[PDB]
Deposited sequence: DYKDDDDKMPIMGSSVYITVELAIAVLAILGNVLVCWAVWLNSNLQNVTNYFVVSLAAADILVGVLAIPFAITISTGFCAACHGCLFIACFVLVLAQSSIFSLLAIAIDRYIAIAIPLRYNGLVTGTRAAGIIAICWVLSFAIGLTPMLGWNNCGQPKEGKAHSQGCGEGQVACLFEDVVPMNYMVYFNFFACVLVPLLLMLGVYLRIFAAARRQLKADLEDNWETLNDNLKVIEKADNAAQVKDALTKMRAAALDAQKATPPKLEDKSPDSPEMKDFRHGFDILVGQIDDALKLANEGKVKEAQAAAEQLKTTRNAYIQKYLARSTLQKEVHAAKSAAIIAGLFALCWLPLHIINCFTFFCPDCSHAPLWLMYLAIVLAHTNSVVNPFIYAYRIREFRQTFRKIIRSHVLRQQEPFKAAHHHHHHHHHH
């Protein structure tokens, strides 16, 4: 009840602060202004919105406020566009690291700032289409009361959101990271190579923390759908899963500060 609201507010504040610090650090320092950091600040902007908007939206869904069907769908499905945007950003970082390690010579030619920003724009406009899919159609609406179970079809969340828009990119980026580390093993000039591995491990960890926090919620949703006969998951368990999913937005500034020395130095300069 009140504990859920307090923890959601704390998570929102921490995520907003950390990701604003990350964006300010990237913008302030020319050394950090790489291509991978463009995807990093895209994911940081996704986390910022998760903190500013998605968490209050989840609180409102918890309170069960009444509103119009379209507004209710926007409230319920806003988190999905940000989660998909984060998926696309992590996939972009994985592909960028694969290009940087497997073919370092042609990395500059293949990977350019204009291409990076274009790819970010395409990923952000595709994520909104995927996450807001229940808004246009594929809806279970029939002032409708707001419940994520009611106004959002489980099948869209259990098939389209999870098996296709989440699991497939997650498996692709898993394969990409395993290929990255296999190529790093084959390639072993030594100081430059260990920086790429240290940079690949930094990226591989935030990608893991994402799958660690978001998949519990999706597995609970699948158990709700694939086994209707079994009792619905506990409400406290549901709130805990939501809290775990929203806590992923908080973690990765800490990972950046802990692993990357440049990020820590520019954070200290800002702080």
Per the record, the structure omits deposited positions 1-13, 156-170, 217-323, 407-430
